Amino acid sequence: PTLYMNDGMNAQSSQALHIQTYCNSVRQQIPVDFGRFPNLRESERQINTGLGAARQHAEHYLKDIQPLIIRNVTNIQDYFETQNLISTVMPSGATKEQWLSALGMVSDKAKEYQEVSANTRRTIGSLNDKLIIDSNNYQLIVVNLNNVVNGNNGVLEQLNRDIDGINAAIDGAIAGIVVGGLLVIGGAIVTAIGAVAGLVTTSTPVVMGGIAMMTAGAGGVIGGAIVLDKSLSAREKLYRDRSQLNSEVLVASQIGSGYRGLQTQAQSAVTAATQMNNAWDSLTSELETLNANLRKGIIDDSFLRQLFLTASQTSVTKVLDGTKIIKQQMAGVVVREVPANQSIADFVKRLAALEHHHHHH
């Protein structure tokens, strides 16, 4: 259970930094301006209404959920510091009753923290559910606009699936970068937000879902930009290839892709939250089994003492080490401003060229 707890914590913490950055990109998205086309006023208002709801979903995550996930790390640290302390306090000839008191104190903490993880899982499950509905309904606003300007709905839908497909690649590259950097002592996570497509001027730039996450090592040395550059540039390319689509349909499409991308992050958060809740479940079960087996007299104090002792010398070390690195990295995220005349792909491409020069390669 100690390693299950470790893996749950690592997966939820890394994914939490990913959806956090995605939510920031949704919050920073500027309303769409189709002022130059009075006949698209209705579409402009439907798109800004859906965007407002997306910003509220993102805000809900940042303010109401992110802190519970960070609280979970702290709860893991307190749990294991407490289990460890039991090991150092219980003297030699401690009675069954004293051991039952001690087991009780750790089971109470574990159940308290299991319930916090469970409530976190429900809250993210609900947000994911709402995002599935809102992102699915948003697509009708885009088709409707495409119909108002007699665009080809086949070409639009193809672009939508192509962007979904490249977003899996971008997500997987960001996930691998963050997982790989989460447990580096002295390492930091670096994020940037920027337009998802190449810029062209009077169209509203879409930063929603335009994210980069990279690592920084000793001396602020960026890692991950070379890897990430490939999938970011590919998205920019896929948009470039549909410059025959109406400009406003393209913007509307970019928000839709950002709305679906947000729902994808929330599904990843559900999966991580489930894995963490299952880890707590197996921790409380183990304690309940030790509580019953000591009472049934199937085990004894001596076994329990050695069980907690070994744990404290072994897998608990890894968890406690992880809790400290994870809190530093989640608290030390470095936010890079992207200039208004650079896409997220442009920005990372420039960081990738700097990364090549630092590697002399």
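Position 1 is the first residue in the sequence shown; the rest follow in order.
- Unmodelled stretch separating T201 from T202: 1 to 3 residues (count of deposited-sequence residues without coordinates).
- Averaged over CA atoms, B-factors in the entry run higher in 237-245 than in the other of 110-118 and 237-245.
- Mean CA B-factor, 10-18 versus 340-348: the higher value falls on 340-348.
- For the set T74, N160, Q265, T95, the maximum C-alpha B-factor listed in the entry falls on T95.
- When the C-alpha B factors of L290, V206, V178, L228 are read from the deposited coordinates, the top value falls at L290.
- Remark: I166 belongs to the lowest third of its chain, ranked by C-alpha B-factor as recorded.
- Among the modelled residues of its chain, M90 has a C-alpha B-factor that falls in the highest third according to the deposited record.
- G125: CA B factor lies in the lowest third for its chain, per the PDB record.
- The PDB entry assigns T215 a C-alpha temperature factor belonging to the middle third of its chain's modelled residues.
- Ranked by Cα temperature factor within the chain, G223 sits in the middle third according to the deposited record.
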